[PDB]
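The numbering of the sequence shown is the deposited numbering, which starts it at 20 and goes up by one.
In what follows, a single structure is set out as structure tokens and then discussed.
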Amino acid sequence: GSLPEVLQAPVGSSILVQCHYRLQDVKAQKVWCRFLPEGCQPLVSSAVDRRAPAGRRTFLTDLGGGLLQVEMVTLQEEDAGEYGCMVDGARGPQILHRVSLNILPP
Numbered sequence: 020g021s022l023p024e025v026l027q028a029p030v031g032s033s034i035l036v037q038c039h040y041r042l043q044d045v046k047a048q049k050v051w052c053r054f055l056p057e058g059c060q061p062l063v064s065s066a067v068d069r070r071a072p073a074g075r076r077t078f079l080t081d082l083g084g085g086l087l088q089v090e091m092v093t094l095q096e097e098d099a100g101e102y103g104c105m106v107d108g109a110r111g112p113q114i115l116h117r118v119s120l121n122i123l124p125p
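Okay, structure coming up:
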């Protein structure tokens, strides 16, 4: 729909996000990116069954079969912002899902 996934988390908490892609696209790389003024900046790309790190606290795992698991662990203040899951295969890139992460005040 119209809005991203909207999350609220205090510093130190952890989240699990699931992005979904088409079965036709198992072989394509997928990407976790951060929305910045220029565009959605790629942070890490996926590989089937591999837990792929971005930074120190984010991990992207393509399980196969259409599931793209995201983990963001022990959140820090600077993690606040909006992120995307993208598919980047031969028919051109698509944004699968957006995630707005709001870090709660102390």
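Yeah, the Cβ is synthetic: ideal placement off N, Cα and C, and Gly gets one too.
Within the same chain, 86, 87, 88 and 89 come within 8 Å of residue 37 by CB-CB distance, once the 5 residues on both sides are set aside. Per DSSP, residue 71 is one residue of the beta strand (DSSP E) stretching across 70-73. Minimum Cα-Cα distance from residue 32 among the listed residues 76, 24 and 55 corresponds to 76. For the 8 Å CB-CB criterion, residue 120 and residue 103 do not form a contact. When secondary structure is reduced to three states using DSSP, residue 42 falls in the helix class.
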